[PDB]
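*Asks:* Have a look at this one before I ask anything.
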Amino acid sequence: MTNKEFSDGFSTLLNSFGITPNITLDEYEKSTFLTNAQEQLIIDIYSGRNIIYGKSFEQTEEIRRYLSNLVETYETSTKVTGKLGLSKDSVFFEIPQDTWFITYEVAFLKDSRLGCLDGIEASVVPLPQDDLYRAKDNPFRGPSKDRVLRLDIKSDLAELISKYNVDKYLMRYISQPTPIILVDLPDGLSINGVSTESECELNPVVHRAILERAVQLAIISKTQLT
Amino acid sequence: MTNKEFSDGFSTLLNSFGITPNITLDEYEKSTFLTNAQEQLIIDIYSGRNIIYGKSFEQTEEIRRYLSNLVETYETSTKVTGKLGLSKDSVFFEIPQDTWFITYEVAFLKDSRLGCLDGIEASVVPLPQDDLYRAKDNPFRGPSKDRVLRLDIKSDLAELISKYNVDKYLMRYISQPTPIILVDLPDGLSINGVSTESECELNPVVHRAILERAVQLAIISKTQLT
Amino acid sequence: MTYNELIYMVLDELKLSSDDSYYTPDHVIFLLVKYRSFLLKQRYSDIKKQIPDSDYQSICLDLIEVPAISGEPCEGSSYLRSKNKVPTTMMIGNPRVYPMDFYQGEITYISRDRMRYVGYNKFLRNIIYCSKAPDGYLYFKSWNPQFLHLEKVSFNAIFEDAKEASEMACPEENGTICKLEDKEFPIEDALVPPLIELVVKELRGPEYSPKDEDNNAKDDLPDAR
Amino acid sequence: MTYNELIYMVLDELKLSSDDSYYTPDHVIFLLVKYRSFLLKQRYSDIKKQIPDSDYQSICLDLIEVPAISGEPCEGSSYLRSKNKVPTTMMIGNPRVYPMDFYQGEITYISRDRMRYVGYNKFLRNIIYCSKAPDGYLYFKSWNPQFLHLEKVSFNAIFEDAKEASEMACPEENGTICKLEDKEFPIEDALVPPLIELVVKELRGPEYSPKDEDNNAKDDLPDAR
Amino acid sequence: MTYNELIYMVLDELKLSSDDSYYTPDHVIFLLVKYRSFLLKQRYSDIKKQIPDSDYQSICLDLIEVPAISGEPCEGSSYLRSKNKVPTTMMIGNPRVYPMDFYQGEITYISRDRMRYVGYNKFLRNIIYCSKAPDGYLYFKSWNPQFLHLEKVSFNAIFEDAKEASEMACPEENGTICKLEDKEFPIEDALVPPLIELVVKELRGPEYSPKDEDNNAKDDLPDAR
Amino acid sequence: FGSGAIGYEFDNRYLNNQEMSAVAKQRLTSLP
Amino acid sequence: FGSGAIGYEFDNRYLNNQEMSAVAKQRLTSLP
Amino acid sequence: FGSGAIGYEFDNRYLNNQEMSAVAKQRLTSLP
Amino acid sequence: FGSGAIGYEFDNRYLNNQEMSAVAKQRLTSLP
């Protein structure tokens, strides 16, 4: 569905300007509620907390077809120099700053010590800080040629603890979806920092579910004190 | 979301200046409720008491991406001299004064009695005061080359009981968040000691959860006697 | 019976029909061959019995002359070895190397340890010997220099891996069979119901076990996810 | 009894009547043919007992002269062999190759290993010998050049695969029975109730098991879907 | 079979497919390598039995002359020894050090205690003897000063740690296999299903056990967190 | 829970004792 | 609960007793 | 509850009796 | 409930009986 179709369906479902009591929204309010419904729905889908679906990020074909258009791949070889880490062999990499959740995360290694295995792809294991001390020396869950520990730190950074030098850092995350903005908003206004029209980038399959959730949010907004 | 976006979305969600009964709040109350929602949400998420997530500090990628921008790492080698401790081999270190919760905590040892194990990275184990007397002589849970016992005391201090000298104190904690102040407040007013505008430092994913929690807090505030 | 019949019988009994199944037919193939070897040893190692022809299998080997250690004048006499590595045999049947006619020729297949001290007897000096060396190839040795001219042999035995010996199988009259699934599985039909039962028991419990389904940077198995 | 009666007894014990059933009659044929050999080995391998006439089948073979290895002069004498591959016999019955008359002629079916060395006895130089080579064909050998004129033999044995030997069944007076279901199953009645019990037990559990039924790019067996 | 096939069979039986799994493949390698030696001892220590060829591995060693103690004159004759530490053999197989040709040469692998006193027999003064010293190296001893020129030997035995001896594996024709996962696991197929069963039983219980999951300066296992 | 690193060896030892008991009754007779 | 430092020893001792009983029946015969 | 100061000694005594029974069948034969 | 002043004595007596049975089979052989 397009922005015009989004607005028209929103009005039709809300029974705007009908004879019965009803609710009429501005295009800014329609955009706000559509964006809120979109982001709520995709977060609930990713966490598997939607009772209707009850499935996780890629647990079935339906959810794949829903959130296929947020999956973005990223590559980086630059390392942030001045930072204080929890180990000597700690390197820091920037995050794209539009990430929502990291779903695939792997690290290529370039070191002489692992001879004839150079350029080995290594599995970045997100490790909590409780386990870090007892995982540094762990030969089965600690850093090694086939495994790297990533700890999240401030300023959108990723502290990669490896026994070998880390050359490249690969990611595949869920991106910020573009907001659903149905009209070029006036000066000052914006949704997610976007002022112009913005079409939903997901598939049309989930557009109608987003519309239903946005409508429900609208009625909740108008009918939370009565 | 930006402060303008917090304000506009918050007004839209409360249906301020609508035809139905509604609530209109000043920017100061918006700041107050947004900050309260922020701190309540992140404390509930750290403690794992939030039913909607039901997850602890670093137990999933969702919570990682929520509270990644609060974790700060700190080093110190200065020892507070004049204090009373529960052991002769007890040293005191000052806390950065902005900490909420310590999640990782480590001490480096420099003693000639450590042989070739000098600078051994020793884990700092927070111990209750019941266990201290029977842990002093414990060879498996007491102070050692691989263990340091930390006790909290007054004036934001950390009593590190160790068998060997402690030169450095590495630690990673959840830091004070910058409050959500949507307008430069007049003279006298401030939120968490901040008077000017102050943008949320967390990831944009959790800003909307903060928004809805703030809306519920405002509704409870205005409808707790009716 | 072929590999296909056995594989799909196991799969259909497990009802692993959906292409979106955790356990593919390759799991079935691996389990079938390993349990084949397990059952054959369990049945034909305790005491000596008759092994039917169905548990036996054949391969084609091409022999090349190689030095004992390297090319040197004093490093000993040369050997003949198969070009490719040879599957390990099971010490339960009648291993035999024959010159493409089973009912002719005497090329003895002996232990690797015995093959060091062999041929000194004056009447055993024209007998060709075999043993799978630690390299993995089947080396040949004899005192009658004519053996080095030998170019191509066959090898019948109850091989440890049915798959490895099936890949090295002799060409048929029609031709080579490209798919392993179209080859004859080397086990007697009296041992097939036990084999299917063991493999189905191997994969029954795992077939209904929980998986780490959520993509949340967390281990979800303790929660039965 | 015929394959049809046994197959439909198994199906009706299982009540697999709908065409939309997971386990088709082909599963039944496979299980029946394997469990037949299983039961026959279990009963007639421990100690030697009388084998009834029901356990046997007669295949008819057409023989062709073939070189021992190739067309060389020194490659040994030629052998006759069946045109098509022959089923593997079990070692429990009374295998016999006869010249289309069971009550006449002497063609000896022996082991593969023995037939390497036969006929050296001067009084046994006119006896035709048989064995199933690893090629899968029945090879014939003798020292009396008259044997090479032989064109047709029939082989009576307890074949290890009822389906294979029934497909090679000899022409009846009326004519060939095209469908396997209309041929006669090779087993004594005293072994039929146990055979049906074993097959029905084999498929009873799988009959009511769950399926990966949702087409959702997911394995649905852990959830008992 | 290779380390990869066994490792992933264990993992798939356990369904440890997610990268966010507590038990990584390294746990699987450790358990497999230990349970292999456990099973081999349990099977081949009670009474002497035939050991197949699958249980063995060949390491190649490079020898260096070393003093008995130090460079003194009266400190005894010098020994050769492998450059690197050698794996410990199990006492169940047929250990043998051979001079890059298994079918030639006589280098005797004996116990540490025996090698103190060898070669006093006048006819055994030319036999090279081997043993693994408490240093962890393979030491060589003989009374025939020619032995000190030896530069390379290969040692075939059922080594107690498959990982160590596979890391010391001999160069293949194609070249060295860098990854251990692509090398061949040292065990007979008849011992593979038991090995997988033991390892899967070992990690099944721990797989679903609770964790100390809350980061709260507290032990959370008593509460089944 | 599950672990067979102690039960397997005890079962193997039990069967080894049964093995030795069975083969200890084997006699090659005399006086024919 | 669980701890098998006394169960293991008692099972091992039982198997030792049964092994000694087995080997105590072994004889190398005579009178051929 | 739990206490093995009486069961341990009874098990040990049972295994001691088994020990004595096993070693009481040991004979060094004669008449070769 | 619990009191083991009669269970202990009966178990001890059973073990004494079994010990006497064991030692009653002991012999010091002859005819070498």
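Chains: A, B, ... in order of the structure tokens. Residues: from 1 per chain. Ligands: from 1, in order shown.
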List every residue of segment 29-184 of chain E that DSSP, applied to the backbone of this structure, places in strand (DSSP E or B), and write the result as number ranges by chain.

*Replies:* E: 57-66, 79-82, 89, 96-98, 107-109, 128-132, 138-141, 152-157, 159, 169, 184

*Asks:* Take the residues from that selection and write them out as a compact mmCIF listing (two decimals), in the first residue's frame, keeping N, CA and C atoms.

*Replies:*
# COMPACT_ATOMS: atom_id res chain seq x y z
N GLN E 57 47.59 -44.44 13.97
CA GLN E 57 48.04 -43.26 13.26
C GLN E 57 49.55 -43.28 13.11
N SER E 58 50.04 -42.69 12.02
CA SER E 58 51.46 -42.54 11.76
C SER E 58 51.86 -41.09 11.97
N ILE E 59 52.76 -40.87 12.93
CA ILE E 59 53.45 -39.61 13.08
C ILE E 59 54.84 -39.75 12.47
N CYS E 60 55.36 -38.64 11.96
CA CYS E 60 56.73 -38.57 11.45
C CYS E 60 57.55 -37.65 12.32
N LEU E 61 58.71 -38.15 12.75
CA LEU E 61 59.59 -37.50 13.70
C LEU E 61 60.90 -37.15 13.01
N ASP E 62 61.53 -36.07 13.46
CA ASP E 62 62.86 -35.67 13.01
C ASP E 62 63.81 -35.80 14.18
N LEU E 63 64.86 -36.60 14.02
CA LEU E 63 65.73 -36.97 15.12
C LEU E 63 66.94 -36.05 15.18
N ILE E 64 67.40 -35.81 16.40
CA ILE E 64 68.59 -35.00 16.67
C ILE E 64 69.43 -35.71 17.71
N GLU E 65 70.74 -35.68 17.54
CA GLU E 65 71.64 -36.27 18.52
C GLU E 65 71.73 -35.36 19.73
N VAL E 66 71.62 -35.96 20.92
CA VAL E 66 71.69 -35.21 22.18
C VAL E 66 72.60 -35.94 23.14
N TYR E 79 72.51 -40.10 22.71
CA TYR E 79 71.28 -40.65 22.17
C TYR E 79 70.75 -39.74 21.08
N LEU E 80 70.01 -40.32 20.14
CA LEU E 80 69.15 -39.55 19.26
C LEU E 80 67.81 -39.35 19.94
N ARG E 81 67.12 -38.27 19.57
CA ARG E 81 65.78 -38.06 20.08
C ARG E 81 64.99 -37.22 19.08
N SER E 82 63.68 -37.39 19.11
CA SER E 82 62.81 -36.60 18.26
C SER E 82 62.92 -35.13 18.62
N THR E 89 51.67 -43.47 23.62
CA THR E 89 50.95 -44.58 23.02
C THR E 89 50.13 -45.32 24.08
N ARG E 96 54.98 -49.31 16.40
CA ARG E 96 56.14 -49.62 15.58
C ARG E 96 56.74 -48.34 15.01
N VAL E 97 58.04 -48.17 15.21
CA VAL E 97 58.81 -47.11 14.56
C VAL E 97 59.47 -47.71 13.33
N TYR E 98 59.21 -47.11 12.17
CA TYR E 98 59.73 -47.62 10.91
C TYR E 98 60.42 -46.50 10.14
N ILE E 107 63.45 -51.13 13.91
CA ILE E 107 63.59 -50.23 15.05
C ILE E 107 62.54 -50.65 16.06
N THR E 108 62.99 -51.02 17.26
CA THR E 108 62.14 -51.65 18.26
C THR E 108 61.66 -50.60 19.26
N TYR E 109 60.35 -50.51 19.44
CA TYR E 109 59.76 -49.63 20.44
C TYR E 109 59.51 -50.44 21.71
N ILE E 128 68.24 -50.93 16.93
CA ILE E 128 67.88 -49.64 17.48
C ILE E 128 66.64 -49.80 18.34
N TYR E 129 66.66 -49.19 19.52
CA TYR E 129 65.59 -49.29 20.50
C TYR E 129 65.00 -47.91 20.74
N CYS E 130 63.72 -47.87 21.10
CA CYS E 130 62.99 -46.62 21.27
C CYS E 130 62.15 -46.68 22.54
N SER E 131 61.93 -45.51 23.13
CA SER E 131 61.04 -45.37 24.27
C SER E 131 60.79 -43.89 24.50
N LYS E 132 59.65 -43.58 25.11
CA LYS E 132 59.29 -42.21 25.43
C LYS E 132 59.78 -41.90 26.84
N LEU E 138 60.91 -39.02 22.37
CA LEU E 138 61.24 -40.39 22.00
C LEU E 138 62.75 -40.51 21.89
N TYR E 139 63.35 -41.28 22.80
CA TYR E 139 64.80 -41.45 22.85
C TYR E 139 65.19 -42.76 22.18
N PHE E 140 66.32 -42.73 21.47
CA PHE E 140 66.83 -43.87 20.72
C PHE E 140 68.15 -44.32 21.31
N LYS E 141 68.39 -45.62 21.31
CA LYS E 141 69.57 -46.19 21.94
C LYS E 141 70.00 -47.44 21.20
N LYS E 152 65.29 -39.44 10.02
CA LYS E 152 63.83 -39.41 9.95
C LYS E 152 63.28 -40.80 10.22
N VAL E 153 62.26 -40.87 11.07
CA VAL E 153 61.51 -42.10 11.31
C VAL E 153 60.04 -41.75 11.37
N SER E 154 59.21 -42.75 11.12
CA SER E 154 57.76 -42.65 11.27
C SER E 154 57.31 -43.69 12.29
N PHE E 155 56.37 -43.30 13.14
CA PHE E 155 55.95 -44.10 14.29
C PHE E 155 54.46 -44.38 14.16
N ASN E 156 54.11 -45.66 14.06
CA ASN E 156 52.73 -46.10 13.90
C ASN E 156 52.28 -46.76 15.19
N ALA E 157 51.23 -46.23 15.80
CA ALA E 157 50.73 -46.75 17.06
C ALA E 157 49.33 -46.21 17.28
N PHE E 159 47.77 -43.99 19.33
CA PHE E 159 48.17 -42.92 20.23
C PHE E 159 47.03 -42.53 21.15
N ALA E 169 50.74 -35.43 12.21
CA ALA E 169 50.51 -36.36 11.12
C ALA E 169 51.53 -36.15 10.01
N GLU E 184 41.57 -37.24 9.44
CA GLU E 184 40.78 -38.45 9.62
C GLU E 184 40.80 -38.88 11.08

*Asks:* If we count only C-alpha atoms, what is near residue 116 of chain C at a cut-off of 10 Å, once residues fewer than 4 positions away on the same chain are taken out, given as a VMD selection string?

*Replies:* (chain C and resid 111 to 112 141) or (chain E and resid 101 to 106)

*Asks:* Please identify all polymer residues within 12 Å of residue 179 of chain D, counting only C-alpha atoms, omitting same-chain residues fewer than 5 positions from it, and present them as an mmCIF file with N, CA, C and O atoms, in the first residue's frame.

*Replies:*
data_model
loop_
_atom_site.group_PDB
_atom_site.id
_atom_site.type_symbol
_atom_site.label_atom_id
_atom_site.label_comp_id
_atom_site.auth_asym_id
_atom_site.auth_seq_id
_atom_site.Cartn_x
_atom_site.Cartn_y
_atom_site.Cartn_z
ATOM 1 N N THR D 2 -0.319 -65.307 -1.926
ATOM 2 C CA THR D 2 0.310 -64.364 -2.838
ATOM 3 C C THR D 2 0.778 -63.124 -2.090
ATOM 4 O O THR D 2 0.438 -62.902 -0.925
ATOM 5 N N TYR D 3 1.584 -62.320 -2.786
ATOM 6 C CA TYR D 3 2.004 -61.038 -2.235
ATOM 7 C C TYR D 3 0.805 -60.173 -1.881
ATOM 8 O O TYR D 3 0.840 -59.423 -0.901
ATOM 9 N N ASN D 4 -0.266 -60.256 -2.675
ATOM 10 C CA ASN D 4 -1.434 -59.417 -2.433
ATOM 11 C C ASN D 4 -2.068 -59.721 -1.083
ATOM 12 O O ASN D 4 -2.410 -58.802 -0.331
ATOM 13 N N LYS D 163 11.615 -60.479 -3.709
ATOM 14 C CA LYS D 163 11.206 -59.659 -4.844
ATOM 15 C C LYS D 163 12.090 -59.925 -6.058
ATOM 16 O O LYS D 163 11.590 -60.100 -7.174
ATOM 17 N N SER D 166 11.494 -63.489 -7.414
ATOM 18 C CA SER D 166 10.156 -63.587 -7.986
ATOM 19 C C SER D 166 10.073 -62.856 -9.320
ATOM 20 O O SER D 166 9.344 -63.279 -10.221
ATOM 21 N N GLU D 167 10.800 -61.747 -9.455
ATOM 22 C CA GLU D 167 10.876 -61.067 -10.742
ATOM 23 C C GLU D 167 11.552 -61.948 -11.785
ATOM 24 O O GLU D 167 11.211 -61.892 -12.972
ATOM 25 N N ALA D 169 11.188 -65.111 -11.872
ATOM 26 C CA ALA D 169 10.474 -66.372 -11.774
ATOM 27 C C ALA D 169 10.343 -67.021 -13.147
ATOM 28 O O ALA D 169 10.349 -66.357 -14.186
ATOM 29 N N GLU D 184 3.445 -65.679 -5.973
ATOM 30 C CA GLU D 184 3.311 -66.381 -4.702
ATOM 31 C C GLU D 184 4.447 -66.002 -3.766
ATOM 32 O O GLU D 184 5.621 -66.075 -4.143
#

*Asks:* Any idea which chain D residues end up within 9 Å of chain C if we count only C-alpha atoms, as a PyMOL selection string please?

*Replies:* chain D and resi 22-23+27+30-31+33-42+68-69+76+88-91+112-117+132-135+141+160-161+202-203+205-207+209-213+215-224

*Asks:* Do you know which residues are at most 7 Å from residue 160 of chain A counting only C-alpha atoms, after dropping those on the same chain fewer than 2 positions away, and could you put them as a list in words?

*Replies:*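 Contacts, with the query itself left out: residues 90, 91, 92, 148, 149, 150, 151, 158 and 162 of chain A.
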
*Asks:* Quick one: residues within 7 Å of residue 99 of chain B, only C-alpha atoms counted, chain neighbours fewer than 4 positions away excluded, as a ChimeraX atom specification?

*Replies:* /B:173-176

*Asks:* Need the shell around segment 3-19 of chain G: protein/DNA/RNA residues with any atom at most 12 Å away, counting only C-alpha atoms. Skip same-chain ones fewer than 6 positions apart. Format as a JSON list (two decimals) with N, CA and C atoms, in the first residue's frame?

*Replies:*
[["chain", "number", "residue", "atom", "x", "y", "z"],
["E", 46, "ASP", "N", 41.08, -56.03, 28.33],
["E", 46, "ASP", "CA", 40.69, -57.23, 29.07],
["E", 46, "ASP", "C", 41.47, -58.45, 28.59],
["F", 5, "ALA", "N", 30.01, -42.69, 31.76],
["F", 5, "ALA", "CA", 31.44, -42.93, 31.85],
["F", 5, "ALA", "C", 31.82, -43.80, 33.04],
["F", 6, "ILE", "N", 30.88, -44.06, 33.95],
["F", 6, "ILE", "CA", 31.11, -44.95, 35.07],
["F", 6, "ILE", "C", 30.25, -46.20, 34.99],
["F", 7, "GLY", "N", 29.05, -46.11, 34.43],
["F", 7, "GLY", "CA", 28.22, -47.29, 34.27],
["F", 7, "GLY", "C", 28.69, -48.18, 33.15],
["F", 9, "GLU", "N", 31.81, -48.69, 32.13],
["F", 9, "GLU", "CA", 32.97, -49.47, 32.51],
["F", 9, "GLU", "C", 32.60, -50.55, 33.52],
["F", 10, "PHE", "N", 31.65, -50.27, 34.42],
["F", 10, "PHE", "CA", 31.21, -51.30, 35.34],
["F", 10, "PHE", "C", 30.48, -52.43, 34.61],
["F", 11, "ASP", "N", 29.64, -52.09, 33.63],
["F", 11, "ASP", "CA", 28.99, -53.14, 32.84],
["F", 11, "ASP", "C", 30.02, -53.95, 32.07],
["F", 12, "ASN", "N", 31.01, -53.28, 31.49],
["F", 12, "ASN", "CA", 32.06, -53.97, 30.76],
["F", 12, "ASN", "C", 32.84, -54.90, 31.68],
["F", 13, "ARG", "N", 33.12, -54.45, 32.90],
["F", 13, "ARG", "CA", 33.83, -55.29, 33.87],
["F", 13, "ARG", "C", 32.99, -56.49, 34.29],
["F", 14, "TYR", "N", 31.69, -56.28, 34.50],
["F", 14, "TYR", "CA", 30.80, -57.39, 34.82],
["F", 14, "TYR", "C", 30.82, -58.43, 33.71],
["F", 15, "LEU", "N", 30.74, -57.98, 32.46],
["F", 15, "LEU", "CA", 30.76, -58.92, 31.35],
["F", 15, "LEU", "C", 32.13, -59.55, 31.17],
["F", 16, "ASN", "N", 33.20, -58.86, 31.55],
["F", 16, "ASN", "CA", 34.53, -59.46, 31.52],
["F", 16, "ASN", "C", 34.65, -60.57, 32.56],
["F", 17, "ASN", "N", 34.10, -60.35, 33.75],
["F", 17, "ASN", "CA", 34.09, -61.41, 34.75],
["F", 17, "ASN", "C", 33.26, -62.60, 34.27],
["F", 18, "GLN", "N", 32.13, -62.33, 33.63],
["F", 18, "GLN", "CA", 31.34, -63.42, 33.05],
["F", 18, "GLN", "C", 32.13, -64.14, 31.95],
["F", 19, "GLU", "N", 32.87, -63.38, 31.14],
["F", 19, "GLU", "CA", 33.74, -63.96, 30.12],
["F", 19, "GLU", "C", 34.74, -64.92, 30.75],
["F", 20, "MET", "N", 35.42, -64.48, 31.80],
["F", 20, "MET", "CA", 36.45, -65.31, 32.42],
["F", 20, "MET", "C", 35.84, -66.53, 33.10],
["F", 21, "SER", "N", 34.65, -66.37, 33.69],
["F", 21, "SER", "CA", 33.97, -67.52, 34.28],
["F", 21, "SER", "C", 33.57, -68.53, 33.21],
["F", 22, "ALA", "N", 33.08, -68.05, 32.07],
["F", 22, "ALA", "CA", 32.66, -68.95, 31.00],
["F", 22, "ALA", "C", 33.85, -69.71, 30.43],
["F", 24, "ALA", "N", 36.69, -70.30, 31.83],
["F", 24, "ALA", "CA", 37.42, -71.08, 32.82],
["F", 24, "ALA", "C", 36.86, -72.48, 33.00],
["G", 25, "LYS", "N", 38.77, -70.40, 39.79],
["G", 25, "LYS", "CA", 38.34, -71.67, 39.22],
["G", 25, "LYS", "C", 39.26, -72.16, 38.11],
["G", 26, "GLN", "N", 40.20, -71.34, 37.65],
["G", 26, "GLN", "CA", 41.04, -71.71, 36.52],
["G", 26, "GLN", "C", 42.02, -72.80, 36.92],
["H", 4, "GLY", "N", 26.01, -42.32, 56.95],
["H", 4, "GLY", "CA", 26.54, -43.57, 56.43],
["H", 4, "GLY", "C", 27.60, -44.19, 57.31],
["H", 5, "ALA", "N", 27.57, -43.88, 58.61],
["H", 5, "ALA", "CA", 28.54, -44.45, 59.54],
["H", 5, "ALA", "C", 28.20, -45.87, 59.96],
["H", 7, "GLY", "N", 25.95, -47.87, 57.54],
["H", 7, "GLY", "CA", 25.80, -48.58, 56.28],
["H", 7, "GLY", "C", 27.12, -48.83, 55.60],
["H", 8, "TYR", "N", 28.06, -47.89, 55.73],
["H", 8, "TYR", "CA", 29.37, -48.07, 55.11],
["H", 8, "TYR", "C", 30.09, -49.27, 55.69],
["H", 9, "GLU", "N", 30.07, -49.42, 57.02],
["H", 9, "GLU", "CA", 30.78, -50.53, 57.63],
["H", 9, "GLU", "C", 30.11, -51.86, 57.33],
["H", 10, "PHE", "N", 28.78, -51.88, 57.25],
["H", 10, "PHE", "CA", 28.10, -53.12, 56.88],
["H", 10, "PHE", "C", 28.40, -53.50, 55.44],
["H", 11, "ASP", "N", 28.42, -52.53, 54.52],
["H", 11, "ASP", "CA", 28.80, -52.83, 53.14],
["H", 11, "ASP", "C", 30.23, -53.33, 53.07],
["H", 12, "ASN", "N", 31.13, -52.69, 53.81],
["H", 12, "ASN", "CA", 32.53, -53.12, 53.83],
["H", 12, "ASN", "C", 32.65, -54.54, 54.37],
["H", 13, "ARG", "N", 31.88, -54.87, 55.41],
["H", 13, "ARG", "CA", 31.91, -56.21, 55.97],
["H", 13, "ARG", "C", 31.35, -57.24, 54.98],
["H", 14, "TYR", "N", 30.27, -56.88, 54.28],
["H", 14, "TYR", "CA", 29.73, -57.76, 53.25],
["H", 14, "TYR", "C", 30.78, -58.05, 52.18],
["H", 15, "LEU", "N", 31.47, -57.01, 51.73],
["H", 15, "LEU", "CA", 32.49, -57.21, 50.71],
["H", 15, "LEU", "C", 33.71, -57.94, 51.26],
["H", 16, "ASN", "N", 33.99, -57.80, 52.56],
["H", 16, "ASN", "CA", 35.06, -58.59, 53.17],
["H", 16, "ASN", "C", 34.71, -60.07, 53.21],
["H", 17, "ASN", "N", 33.46, -60.38, 53.53],
["H", 17, "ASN", "CA", 33.03, -61.78, 53.49],
["H", 17, "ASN", "C", 33.10, -62.32, 52.07],
["H", 18, "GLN", "N", 32.71, -61.51, 51.08],
["H", 18, "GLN", "CA", 32.86, -61.93, 49.69],
["H", 18, "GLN", "C", 34.33, -62.13, 49.33],
["H", 19, "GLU", "N", 35.20, -61.25, 49.83],
["H", 19, "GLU", "CA", 36.64, -61.39, 49.63],
["H", 19, "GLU", "C", 37.13, -62.73, 50.16],
["H", 20, "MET", "N", 36.74, -63.07, 51.39],
["H", 20, "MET", "CA", 37.23, -64.30, 52.00],
["H", 20, "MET", "C", 36.65, -65.52, 51.30],
["H", 21, "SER", "N", 35.40, -65.44, 50.84],
["H", 21, "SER", "CA", 34.83, -66.54, 50.08],
["H", 21, "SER", "C", 35.55, -66.73, 48.75],
["H", 22, "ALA", "N", 35.88, -65.62, 48.08],
["H", 22, "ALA", "CA", 36.57, -65.72, 46.79],
["H", 22, "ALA", "C", 37.96, -66.31, 46.96],
["H", 23, "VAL", "N", 38.73, -65.82, 47.93],
["H", 23, "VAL", "CA", 40.10, -66.31, 48.11],
["H", 23, "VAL", "C", 40.17, -67.67, 48.79],
["H", 24, "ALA", "N", 39.07, -68.16, 49.35],
["H", 24, "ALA", "CA", 39.07, -69.48, 49.97],
["H", 24, "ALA", "C", 38.93, -70.60, 48.95],
["H", 25, "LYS", "N", 38.57, -70.29, 47.71],
["H", 25, "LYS", "CA", 38.51, -71.27, 46.64],
["H", 25, "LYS", "C", 39.82, -71.38, 45.86]]

*Asks:* Tell me, which residues of chain F carry DSSP alpha helix (DSSP H), written as a PyMOL selection string?

*Replies:* chain F and resi 7-23

*Asks:* Take the residues from that selection and put them in a file with N, CA and C atoms, as a short mmCIF file (atom, residue, chain, number, x, y, z; two decimals), in the first residue's frame.

*Replies:*
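Result file result.cif:
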data_model
loop_
_atom_site.label_atom_id
_atom_site.label_comp_id
_atom_site.auth_asym_id
_atom_site.auth_seq_id
_atom_site.Cartn_x
_atom_site.Cartn_y
_atom_site.Cartn_z
N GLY F 7 29.05 -46.11 34.43
CA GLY F 7 28.22 -47.29 34.27
C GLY F 7 28.69 -48.18 33.15
N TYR F 8 29.21 -47.58 32.07
CA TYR F 8 29.70 -48.36 30.95
C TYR F 8 30.86 -49.25 31.37
N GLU F 9 31.81 -48.69 32.13
CA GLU F 9 32.97 -49.47 32.51
C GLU F 9 32.60 -50.55 33.52
N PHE F 10 31.65 -50.27 34.42
CA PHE F 10 31.21 -51.30 35.34
C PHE F 10 30.48 -52.43 34.61
N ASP F 11 29.64 -52.09 33.63
CA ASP F 11 28.99 -53.14 32.84
C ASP F 11 30.02 -53.95 32.07
N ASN F 12 31.01 -53.28 31.49
CA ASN F 12 32.06 -53.97 30.76
C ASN F 12 32.84 -54.90 31.68
N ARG F 13 33.12 -54.45 32.90
CA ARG F 13 33.83 -55.29 33.87
C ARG F 13 32.99 -56.49 34.29
N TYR F 14 31.69 -56.28 34.50
CA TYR F 14 30.80 -57.39 34.82
C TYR F 14 30.82 -58.43 33.71
N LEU F 15 30.74 -57.98 32.46
CA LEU F 15 30.76 -58.92 31.35
C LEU F 15 32.13 -59.55 31.17
N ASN F 16 33.20 -58.86 31.55
CA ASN F 16 34.53 -59.46 31.52
C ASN F 16 34.65 -60.57 32.56
N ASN F 17 34.10 -60.35 33.75
CA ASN F 17 34.09 -61.41 34.75
C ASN F 17 33.26 -62.60 34.27
N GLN F 18 32.13 -62.33 33.63
CA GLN F 18 31.34 -63.42 33.05
C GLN F 18 32.13 -64.14 31.95
N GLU F 19 32.87 -63.38 31.14
CA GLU F 19 33.74 -63.96 30.12
C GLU F 19 34.74 -64.92 30.75
N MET F 20 35.42 -64.48 31.80
CA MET F 20 36.45 -65.31 32.42
C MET F 20 35.84 -66.53 33.10
N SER F 21 34.65 -66.37 33.69
CA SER F 21 33.97 -67.52 34.28
C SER F 21 33.57 -68.53 33.21
N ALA F 22 33.08 -68.05 32.07
CA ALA F 22 32.66 -68.95 31.00
C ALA F 22 33.85 -69.71 30.43
N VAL F 23 34.95 -69.01 30.13
CA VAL F 23 36.10 -69.67 29.53
C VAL F 23 36.93 -70.46 30.52
#
